[PDB]
file upload39.pdb (PDB, C-alpha atoms)
MODEL        1
ATOM      1  CA  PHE A  15     112.040 163.937 -59.715
ATOM      2  CA  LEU A  16     114.856 162.374 -61.713
ATOM      3  CA  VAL A  17     116.136 161.978 -65.237
ATOM      4  CA  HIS A  18     117.819 159.053 -66.952
ATOM      5  CA  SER A  19     118.904 160.658 -70.220
ATOM      6  CA  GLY A  20     121.417 159.960 -72.895
ATOM      7  CA  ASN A  21     123.083 156.770 -71.700
ATOM      8  CA  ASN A  22     124.984 154.548 -74.059
ATOM      9  CA  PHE A  23     125.789 151.180 -72.476
ATOM     10  CA  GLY A  24     127.750 149.199 -75.032
ATOM     11  CA  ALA A  25     127.665 145.821 -73.295
ATOM     12  CA  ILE A  26     126.472 144.576 -69.924
ATOM     13  CA  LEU A  27     126.673 141.193 -68.237
ATOM     14  CA  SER A  28     125.401 139.612 -65.054
ATOM     15  CA  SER A  29     124.309 142.898 -63.541
ATOM     16  CA  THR A  30     121.655 144.438 -61.333
ATOM     17  CA  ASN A  31     120.075 147.852 -61.375
ATOM     18  CA  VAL A  32     121.576 149.827 -64.259
ATOM     19  CA  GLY A  33     118.828 152.432 -64.536
ATOM     20  CA  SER A  34     116.931 155.118 -62.735
ATOM     21  CA  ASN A  35     115.508 154.025 -59.382
ATOM     22  CA  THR A  36     113.848 156.033 -56.659
ATOM     23  CA  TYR A  37     111.731 155.843 -53.460
TER      24      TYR A  37
ATOM     25  CA  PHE B  15     108.035 161.673 -61.405
ATOM     26  CA  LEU B  16     110.851 160.208 -63.475
ATOM     27  CA  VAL B  17     112.099 159.926 -67.021
ATOM     28  CA  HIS B  18     113.807 157.075 -68.832
ATOM     29  CA  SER B  19     114.829 158.781 -72.068
ATOM     30  CA  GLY B  20     117.323 158.195 -74.788
ATOM     31  CA  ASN B  21     119.053 155.002 -73.695
ATOM     32  CA  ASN B  22     120.962 152.872 -76.132
ATOM     33  CA  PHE B  23     121.838 149.477 -74.648
ATOM     34  CA  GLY B  24     123.800 147.597 -77.277
ATOM     35  CA  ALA B  25     123.789 144.174 -75.628
ATOM     36  CA  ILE B  26     122.654 142.822 -72.279
ATOM     37  CA  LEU B  27     122.929 139.399 -70.684
ATOM     38  CA  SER B  28     121.718 137.716 -67.530
ATOM     39  CA  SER B  29     120.591 140.943 -65.918
ATOM     40  CA  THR B  30     117.938 142.381 -63.643
ATOM     41  CA  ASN B  31     116.304 145.770 -63.577
ATOM     42  CA  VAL B  32     117.740 147.842 -66.424
ATOM     43  CA  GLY B  33     114.949 150.409 -66.602
ATOM     44  CA  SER B  34     113.030 153.015 -64.710
ATOM     45  CA  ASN B  35     111.663 151.812 -61.372
ATOM     46  CA  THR B  36     110.002 153.723 -58.579
ATOM     47  CA  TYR B  37     107.925 153.415 -55.363
TER      48      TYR B  37
ATOM     49  CA  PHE C  15     103.991 159.273 -63.019
ATOM     50  CA  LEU C  16     106.810 157.921 -65.162
ATOM     51  CA  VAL C  17     108.019 157.761 -68.729
ATOM     52  CA  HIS C  18     109.759 154.996 -70.639
ATOM     53  CA  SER C  19     110.709 156.812 -73.837
ATOM     54  CA  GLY C  20     113.180 156.349 -76.601
ATOM     55  CA  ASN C  21     114.982 153.160 -75.620
ATOM     56  CA  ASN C  22     116.901 151.137 -78.139
ATOM     57  CA  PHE C  23     117.858 147.718 -76.761
ATOM     58  CA  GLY C  24     119.824 145.950 -79.465
ATOM     59  CA  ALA C  25     119.896 142.483 -77.915
ATOM     60  CA  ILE C  26     118.827 141.015 -74.592
ATOM     61  CA  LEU C  27     119.185 137.555 -73.097
ATOM     62  CA  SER C  28     118.043 135.760 -69.979
ATOM     63  CA  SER C  29     116.876 138.919 -68.264
ATOM     64  CA  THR C  30     114.224 140.242 -65.917
ATOM     65  CA  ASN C  31     112.528 143.596 -65.736
ATOM     66  CA  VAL C  32     113.892 145.775 -68.539
ATOM     67  CA  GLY C  33     111.051 148.292 -68.613
ATOM     68  CA  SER C  34     109.108 150.808 -66.626
ATOM     69  CA  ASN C  35     107.802 149.486 -63.308
ATOM     70  CA  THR C  36     106.141 151.284 -60.443
ATOM     71  CA  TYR C  37     104.109 150.847 -57.212
TER      72      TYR C  37
ATOM     73  CA  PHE D  15     100.044 156.810 -64.727
ATOM     74  CA  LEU D  16     102.858 155.569 -66.943
ATOM     75  CA  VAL D  17     104.022 155.530 -70.528
ATOM     76  CA  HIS D  18     105.786 152.849 -72.535
ATOM     77  CA  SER D  19     106.661 154.770 -75.694
ATOM     78  CA  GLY D  20     109.103 154.428 -78.501
ATOM     79  CA  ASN D  21     110.976 151.247 -77.631
ATOM     80  CA  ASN D  22     112.898 149.330 -80.229
ATOM     81  CA  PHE D  23     113.935 145.893 -78.958
ATOM     82  CA  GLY D  24     115.896 144.235 -81.734
ATOM     83  CA  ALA D  25     116.053 140.730 -80.279
ATOM     84  CA  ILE D  26     115.056 139.153 -76.985
ATOM     85  CA  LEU D  27     115.496 135.661 -75.591
ATOM     86  CA  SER D  28     114.429 133.761 -72.508
ATOM     87  CA  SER D  29     113.228 136.850 -70.692
ATOM     88  CA  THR D  30     110.584 138.060 -68.276
ATOM     89  CA  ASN D  31     108.829 141.375 -67.982
ATOM     90  CA  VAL D  32     110.115 143.654 -70.743
ATOM     91  CA  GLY D  33     107.227 146.119 -70.709
ATOM     92  CA  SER D  34     105.265 148.544 -68.629
ATOM     93  CA  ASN D  35     104.030 147.107 -65.333
ATOM     94  CA  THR D  36     102.374 148.796 -62.398
ATOM     95  CA  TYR D  37     100.393 148.234 -59.155
TER      96      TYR D  37
ATOM     97  CA  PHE E  15      96.096 154.443 -66.436
ATOM     98  CA  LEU E  16      98.908 153.315 -68.712
ATOM     99  CA  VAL E  17     100.036 153.396 -72.310
ATOM    100  CA  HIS E  18     101.825 150.804 -74.408
ATOM    101  CA  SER E  19     102.632 152.826 -77.521
ATOM    102  CA  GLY E  20     105.050 152.608 -80.361
ATOM    103  CA  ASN E  21     106.987 149.437 -79.599
ATOM    104  CA  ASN E  22     108.916 147.627 -82.269
ATOM    105  CA  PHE E  23     110.026 144.176 -81.104
ATOM    106  CA  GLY E  24     111.988 142.632 -83.946
ATOM    107  CA  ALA E  25     112.221 139.090 -82.592
ATOM    108  CA  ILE E  26     111.286 137.405 -79.333
ATOM    109  CA  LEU E  27     111.802 133.883 -78.042
ATOM    110  CA  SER E  28     110.801 131.880 -75.004
ATOM    111  CA  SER E  29     109.565 134.895 -73.089
ATOM    112  CA  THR E  30     106.926 135.990 -70.614
ATOM    113  CA  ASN E  31     105.117 139.264 -70.210
ATOM    114  CA  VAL E  32     106.334 141.642 -72.917
ATOM    115  CA  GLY E  33     103.403 144.052 -72.787
ATOM    116  CA  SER E  34     101.421 146.382 -70.620
ATOM    117  CA  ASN E  35     100.245 144.834 -67.353
ATOM    118  CA  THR E  36      98.591 146.410 -64.355
ATOM    119  CA  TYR E  37      96.654 145.722 -61.111
TER     120      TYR E  37
ATOM    121  CA  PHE F  15     116.028 166.146 -58.022
ATOM    122  CA  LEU F  16     118.838 164.492 -59.955
ATOM    123  CA  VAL F  17     120.145 163.991 -63.456
ATOM    124  CA  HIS F  18     121.798 160.999 -65.082
ATOM    125  CA  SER F  19     122.937 162.507 -68.378
ATOM    126  CA  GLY F  20     125.464 161.705 -71.011
ATOM    127  CA  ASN F  21     127.069 158.520 -69.722
ATOM    128  CA  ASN F  22     128.958 156.212 -72.008
ATOM    129  CA  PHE F  23     129.695 152.872 -70.335
ATOM    130  CA  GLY F  24     131.649 150.799 -72.824
ATOM    131  CA  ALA F  25     131.497 147.468 -71.005
ATOM    132  CA  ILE F  26     130.254 146.323 -67.617
ATOM    133  CA  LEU F  27     130.387 142.980 -65.846
ATOM    134  CA  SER F  28     129.061 141.497 -62.638
ATOM    135  CA  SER F  29     128.005 144.836 -61.215
ATOM    136  CA  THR F  30     125.355 146.470 -59.072
ATOM    137  CA  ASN F  31     123.829 149.906 -59.212
ATOM    138  CA  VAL F  32     125.386 151.785 -62.128
ATOM    139  CA  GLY F  33     122.682 154.424 -62.495
ATOM    140  CA  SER F  34     120.810 157.182 -60.779
ATOM    141  CA  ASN F  35     119.339 156.194 -57.415
ATOM    142  CA  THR F  36     117.685 158.293 -54.758
ATOM    143  CA  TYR F  37     115.536 158.214 -51.575
TER     144      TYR F  37
ATOM    145  CA  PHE G  15     135.954 116.587 -98.110
ATOM    146  CA  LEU G  16     134.196 118.229 -95.181
ATOM    147  CA  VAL G  17     131.585 117.583 -92.539
ATOM    148  CA  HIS G  18     128.952 119.854 -91.044
ATOM    149  CA  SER G  19     127.677 117.700 -88.186
ATOM    150  CA  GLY G  20     125.841 118.240 -84.977
ATOM    151  CA  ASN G  21     125.271 121.989 -84.932
ATOM    152  CA  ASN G  22     122.618 123.544 -82.773
ATOM    153  CA  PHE G  23     122.025 127.194 -83.684
ATOM    154  CA  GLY G  24     119.379 128.504 -81.320
ATOM    155  CA  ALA G  25     118.677 131.809 -83.057
ATOM    156  CA  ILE G  26     120.217 133.683 -85.965
ATOM    157  CA  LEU G  27     119.545 137.104 -87.439
ATOM    158  CA  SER G  28     120.721 139.113 -90.410
ATOM    159  CA  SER G  29     123.562 136.756 -91.220
ATOM    160  CA  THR G  30     125.507 135.300 -94.116
ATOM    161  CA  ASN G  31     127.114 131.930 -94.574
ATOM    162  CA  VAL G  32     126.456 129.860 -91.452
ATOM    163  CA  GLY G  33     127.111 126.452 -92.992
ATOM    164  CA  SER G  34     129.615 124.300 -94.768
ATOM    165  CA  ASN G  35     131.174 125.939 -97.823
ATOM    166  CA  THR G  36     134.038 124.823-100.004
ATOM    167  CA  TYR G  37     135.846 125.379-103.348
TER     168      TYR G  37
ATOM    169  CA  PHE H  15     139.535 117.388 -94.914
ATOM    170  CA  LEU H  16     137.776 119.141 -92.051
ATOM    171  CA  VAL H  17     135.129 118.616 -89.420
ATOM    172  CA  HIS H  18     132.522 120.974 -88.017
ATOM    173  CA  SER H  19     131.181 118.923 -85.114
ATOM    174  CA  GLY H  20     129.322 119.585 -81.940
ATOM    175  CA  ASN H  21     128.819 123.343 -82.006
ATOM    176  CA  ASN H  22     126.173 125.005 -79.918
ATOM    177  CA  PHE H  23     125.653 128.637 -80.936
ATOM    178  CA  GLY H  24     123.007 130.060 -78.638
ATOM    179  CA  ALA H  25     122.383 133.326 -80.474
ATOM    180  CA  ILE H  26     123.985 135.090 -83.416
ATOM    181  CA  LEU H  27     123.388 138.481 -84.992
ATOM    182  CA  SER H  28     124.630 140.385 -88.005
ATOM    183  CA  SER H  29     127.436 137.956 -88.719
ATOM    184  CA  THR H  30     129.383 136.385 -91.553
ATOM    185  CA  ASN H  31     130.934 132.975 -91.901
ATOM    186  CA  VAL H  32     130.209 131.005 -88.729
ATOM    187  CA  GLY H  33     130.818 127.546 -90.167
ATOM    188  CA  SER H  34     133.301 125.301 -91.856
ATOM    189  CA  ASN H  35     134.920 126.826 -94.939
ATOM    190  CA  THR H  36     137.785 125.598 -97.057
ATOM    191  CA  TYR H  37     139.635 126.029-100.396
TER     192      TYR H  37
ATOM    193  CA  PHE I  15     143.125 118.323 -91.595
ATOM    194  CA  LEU I  16     141.363 120.187 -88.804
ATOM    195  CA  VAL I  17     138.672 119.781 -86.196
ATOM    196  CA  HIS I  18     136.092 122.224 -84.892
ATOM    197  CA  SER I  19     134.675 120.279 -81.952
ATOM    198  CA  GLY I  20     132.789 121.062 -78.823
ATOM    199  CA  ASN I  21     132.357 124.825 -78.997
ATOM    200  CA  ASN I  22     129.715 126.591 -76.991
ATOM    201  CA  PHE I  23     129.277 130.202 -78.115
ATOM    202  CA  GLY I  24     126.629 131.736 -75.891
ATOM    203  CA  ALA I  25     126.089 134.962 -77.824
ATOM    204  CA  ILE I  26     127.762 136.615 -80.791
ATOM    205  CA  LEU I  27     127.248 139.972 -82.466
ATOM    206  CA  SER I  28     128.565 141.769 -85.512
ATOM    207  CA  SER I  29     131.334 139.271 -86.123
ATOM    208  CA  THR I  30     133.288 137.589 -88.887
ATOM    209  CA  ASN I  31     134.778 134.142 -89.121
ATOM    210  CA  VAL I  32     133.976 132.274 -85.907
ATOM    211  CA  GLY I  33     134.539 128.764 -87.242
ATOM    212  CA  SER I  34     137.000 126.429 -88.836
ATOM    213  CA  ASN I  35     138.687 127.840 -91.938
ATOM    214  CA  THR I  36     141.556 126.503 -93.983
ATOM    215  CA  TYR I  37     143.457 126.808 -97.307
TER     216      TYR I  37
ATOM    217  CA  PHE J  15     146.713 119.208 -88.342
ATOM    218  CA  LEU J  16     144.954 121.182 -85.626
ATOM    219  CA  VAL J  17     142.226 120.901 -83.039
ATOM    220  CA  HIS J  18     139.678 123.428 -81.836
ATOM    221  CA  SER J  19     138.191 121.593 -78.861
ATOM    222  CA  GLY J  20     136.284 122.500 -75.777
ATOM    223  CA  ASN J  21     135.925 126.263 -76.062
ATOM    224  CA  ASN J  22     133.294 128.134 -74.139
ATOM    225  CA  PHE J  23     132.938 131.721 -75.368
ATOM    226  CA  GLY J  24     130.293 133.366 -73.222
ATOM    227  CA  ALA J  25     129.837 136.545 -75.251
ATOM    228  CA  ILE J  26     131.574 138.082 -78.243
ATOM    229  CA  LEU J  27     131.145 141.398 -80.017
ATOM    230  CA  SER J  28     132.530 143.083 -83.098
ATOM    231  CA  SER J  29     135.258 140.518 -83.604
ATOM    232  CA  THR J  30     137.211 138.722 -86.296
ATOM    233  CA  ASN J  31     138.640 135.243 -86.415
ATOM    234  CA  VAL J  32     137.765 133.482 -83.160
ATOM    235  CA  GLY J  33     138.277 129.926 -84.389
ATOM    236  CA  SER J  34     140.711 127.501 -85.886
ATOM    237  CA  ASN J  35     142.460 128.793 -89.006
ATOM    238  CA  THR J  36     145.327 127.344 -90.978
ATOM    239  CA  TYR J  37     147.271 127.519 -94.286
TER     240      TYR J  37
ATOM    241  CA  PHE K  15     150.320 120.169 -85.089
ATOM    242  CA  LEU K  16     148.564 122.242 -82.445
ATOM    243  CA  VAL K  17     145.804 122.072 -79.884
ATOM    244  CA  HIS K  18     143.284 124.670 -78.777
ATOM    245  CA  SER K  19     141.734 122.938 -75.771
ATOM    246  CA  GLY K  20     139.809 123.955 -72.735
ATOM    247  CA  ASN K  21     139.513 127.715 -73.122
ATOM    248  CA  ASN K  22     136.893 129.678 -71.278
ATOM    249  CA  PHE K  23     136.608 133.236 -72.605
ATOM    250  CA  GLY K  24     133.967 134.978 -70.533
ATOM    251  CA  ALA K  25     133.585 138.110 -72.649
ATOM    252  CA  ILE K  26     135.379 139.539 -75.661
ATOM    253  CA  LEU K  27     135.022 142.815 -77.527
ATOM    254  CA  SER K  28     136.468 144.397 -80.633
ATOM    255  CA  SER K  29     139.160 141.776 -81.041
ATOM    256  CA  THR K  30     141.113 139.878 -83.663
ATOM    257  CA  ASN K  31     142.486 136.375 -83.674
ATOM    258  CA  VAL K  32     141.547 134.714 -80.384
ATOM    259  CA  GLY K  33     142.015 131.121 -81.513
ATOM    260  CA  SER K  34     144.427 128.619 -82.919
ATOM    261  CA  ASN K  35     146.231 129.799 -86.052
ATOM    262  CA  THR K  36     149.096 128.254 -87.952
ATOM    263  CA  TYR K  37     151.078 128.311 -91.242
TER     264      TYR K  37
ATOM    265  CA  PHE L  15     153.862 121.191 -81.951
ATOM    266  CA  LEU L  16     152.114 123.355 -79.377
ATOM    267  CA  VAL L  17     149.327 123.291 -76.838
ATOM    268  CA  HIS L  18     146.837 125.953 -75.818
ATOM    269  CA  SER L  19     145.234 124.320 -72.786
ATOM    270  CA  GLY L  20     143.296 125.439 -69.794
ATOM    271  CA  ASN L  21     143.063 129.194 -70.277
ATOM    272  CA  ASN L  22     140.455 131.240 -68.506
ATOM    273  CA  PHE L  23     140.237 134.768 -69.924
ATOM    274  CA  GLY L  24     137.605 136.601 -67.918
ATOM    275  CA  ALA L  25     137.290 139.684 -70.115
ATOM    276  CA  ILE L  26     139.135 141.013 -73.143
ATOM    277  CA  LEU L  27     138.845 144.246 -75.091
ATOM    278  CA  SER L  28     140.344 145.729 -78.221
ATOM    279  CA  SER L  29     142.999 143.058 -78.540
ATOM    280  CA  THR L  30     144.947 141.068 -81.095
ATOM    281  CA  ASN L  31     146.266 137.545 -81.008
ATOM    282  CA  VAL L  32     145.271 135.980 -77.688
ATOM    283  CA  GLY L  33     145.694 132.353 -78.724
ATOM    284  CA  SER L  34     148.080 129.781 -80.045
ATOM    285  CA  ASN L  35     149.931 130.856 -83.188
ATOM    286  CA  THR L  36     152.787 129.222 -85.023
ATOM    287  CA  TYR L  37     154.802 129.168 -88.294
TER     288      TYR L  37
ENDMDL
END
call {"tool": "encode", "arguments": {"input": "upload39.pdb", "output": "structure tokens"}}
result
Amino acid sequence: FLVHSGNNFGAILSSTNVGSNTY
Amino acid sequence: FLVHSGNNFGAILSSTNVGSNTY
Amino acid sequence: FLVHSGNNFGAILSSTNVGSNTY
Amino acid sequence: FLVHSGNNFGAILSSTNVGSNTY
Amino acid sequence: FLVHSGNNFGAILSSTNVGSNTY
Amino acid sequence: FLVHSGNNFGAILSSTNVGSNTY
Amino acid sequence: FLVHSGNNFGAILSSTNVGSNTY
Amino acid sequence: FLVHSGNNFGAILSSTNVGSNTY
Amino acid sequence: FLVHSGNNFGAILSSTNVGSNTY
Amino acid sequence: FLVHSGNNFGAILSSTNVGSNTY
Amino acid sequence: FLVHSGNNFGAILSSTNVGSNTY
Amino acid sequence: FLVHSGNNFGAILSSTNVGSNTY
């Protein structure tokens, strides 16, 4: 079980793995 | 089980894996 | 089981894997 | 099982794999 | 089982695999 | 069980793992 | 006198006045 | 007199006045 | 007299006046 | 007289006046 | 007389007047 | 007379007047 709720990410660059990950 | 709800991502560049991943 | 609900992605460039992935 | 509901992707360039993938 | 519901993709360029894929 | 609620990330660069991870 | 030479504009959306204007 | 030479603008959104203007 | 030479603008959003202006 | 040569602007958001202006 | 040569601006947000201005 | 040569500005936010100004 997990939640990824409500995020505001205004700007993102050159990145890895910004969201809900599991198992 | 997971959720990926409600995100606002204004801008994204040159990125990997910004969303719900599992198993 | 997973959900990919409600996203707003305003702009995206040069990216991989921005959505719901599993197994 | 998965869902890919409700997305708004305003603009996308030069990208791979922006949608629901599994197995 | 999967769903690909409700997407709005305003513009897309030079891209691969923007939709529901499985097995 | 976990939650990733309510974040505002104004800008991010050159980063890894900014979101909810587990197991 | 002006010049508008050599531009490459890969993609443009929802914009005004992207070219040579005068008087 | 002015020049607008050599620009490469990869992507642009929701913008005004990206080019050579005068008087 | 002015020059606007050689620019590379990779991405731009929600902006005004990114180019050569005078008088 | 002025020059605006050689710039690389990787990403820009929500900005005014990023280029050569005079008189 | 002025020059605006050689700049690299990796990312910029919410800014005014990042370039060569005069008179 | 002035020069604005060689700058590297990695990231900038919420700023005014980051470049060569005169008279």
call {"tool": "interface_residues", "arguments": {"input": "upload39.pdb", "of": "chain K", "to": "chain F", "cutoff": "12 Å", "atoms": "all atoms listed in the file", "output": "number ranges by chain"}}
result
K: 24-28
call {"tool": "calpha_fit_and_write", "arguments": {"input": "upload39.pdb", "fixed": "chain K", "moving": "chain D", "output": "JSON list (two decimals) with C-alpha atoms, in the coordinates of the input"}}
result
[["chain", "number", "residue", "atom", "x", "y", "z"],
["D", 15, "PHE", "CA", 150.32, 120.17, -85.09],
["D", 16, "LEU", "CA", 148.56, 122.24, -82.45],
["D", 17, "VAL", "CA", 145.80, 122.07, -79.88],
["D", 18, "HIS", "CA", 143.28, 124.67, -78.78],
["D", 19, "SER", "CA", 141.73, 122.94, -75.77],
["D", 20, "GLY", "CA", 139.81, 123.96, -72.73],
["D", 21, "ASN", "CA", 139.51, 127.72, -73.12],
["D", 22, "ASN", "CA", 136.89, 129.68, -71.28],
["D", 23, "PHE", "CA", 136.61, 133.24, -72.61],
["D", 24, "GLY", "CA", 133.97, 134.98, -70.53],
["D", 25, "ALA", "CA", 133.58, 138.11, -72.65],
["D", 26, "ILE", "CA", 135.38, 139.54, -75.66],
["D", 27, "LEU", "CA", 135.02, 142.81, -77.53],
["D", 28, "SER", "CA", 136.47, 144.40, -80.63],
["D", 29, "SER", "CA", 139.16, 141.78, -81.04],
["D", 30, "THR", "CA", 141.11, 139.88, -83.66],
["D", 31, "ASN", "CA", 142.49, 136.38, -83.67],
["D", 32, "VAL", "CA", 141.55, 134.71, -80.38],
["D", 33, "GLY", "CA", 142.02, 131.12, -81.51],
["D", 34, "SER", "CA", 144.43, 128.62, -82.92],
["D", 35, "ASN", "CA", 146.23, 129.80, -86.05],
["D", 36, "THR", "CA", 149.10, 128.25, -87.95],
["D", 37, "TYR", "CA", 151.08, 128.31, -91.24]]
call {"tool": "axis_aligned_box", "arguments": {"input": "upload39.pdb", "around": "region 22-35 of chain J", "padding_each_side": "8 Å", "output": "lines of an AutoDock Vina configuration file"}}
result
center_x = 136.1
center_y = 135.3
center_z = -81.1
size_x = 28.6
size_y = 31.6
size_z = 31.8
call {"tool": "decode", "arguments": {"input": "upload39.pdb", "residues": "region 15-29 of chain C", "atoms": "N, CA and C atoms", "output": "compact mmCIF listing (two decimals), in the first residue's frame"}}
result
# COMPACT_ATOMS: atom_id res chain seq x y z
N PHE C 15 -2.33 -4.42 -8.81
CA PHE C 15 -3.22 -3.23 -8.75
C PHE C 15 -2.45 -1.92 -8.72
N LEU C 16 -2.80 -0.96 -9.58
CA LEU C 16 -2.38 0.41 -9.35
C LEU C 16 -3.34 1.36 -10.04
N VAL C 17 -3.19 2.63 -9.70
CA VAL C 17 -3.94 3.71 -10.31
C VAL C 17 -2.94 4.72 -10.85
N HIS C 18 -3.29 5.34 -11.97
CA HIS C 18 -2.62 6.55 -12.44
C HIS C 18 -3.69 7.60 -12.74
N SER C 19 -4.13 8.30 -11.70
CA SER C 19 -5.27 9.20 -11.81
C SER C 19 -4.82 10.65 -11.64
N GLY C 20 -5.38 11.53 -12.46
CA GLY C 20 -5.52 12.92 -12.11
C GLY C 20 -4.34 13.77 -12.49
N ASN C 21 -3.29 13.17 -13.05
CA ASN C 21 -2.10 13.91 -13.41
C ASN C 21 -2.41 15.07 -14.34
N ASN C 22 -1.74 16.19 -14.10
CA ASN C 22 -1.53 17.22 -15.10
C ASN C 22 -0.03 17.43 -15.26
N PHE C 23 0.48 17.12 -16.45
CA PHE C 23 1.87 17.35 -16.83
C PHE C 23 1.91 18.45 -17.88
N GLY C 24 2.33 19.64 -17.48
CA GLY C 24 2.19 20.78 -18.37
C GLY C 24 3.09 20.68 -19.59
N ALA C 25 4.36 20.34 -19.38
CA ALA C 25 5.29 20.15 -20.47
C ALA C 25 6.32 19.11 -20.08
N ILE C 26 6.75 18.33 -21.06
CA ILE C 26 7.74 17.29 -20.83
C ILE C 26 8.66 17.20 -22.04
N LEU C 27 9.94 17.02 -21.78
CA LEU C 27 10.94 16.90 -22.82
C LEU C 27 11.92 15.78 -22.51
N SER C 28 12.23 14.99 -23.54
CA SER C 28 13.43 14.16 -23.55
C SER C 28 13.43 13.18 -22.38
N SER C 29 12.29 12.56 -22.15
CA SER C 29 12.04 11.83 -20.92
C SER C 29 11.64 10.39 -21.20
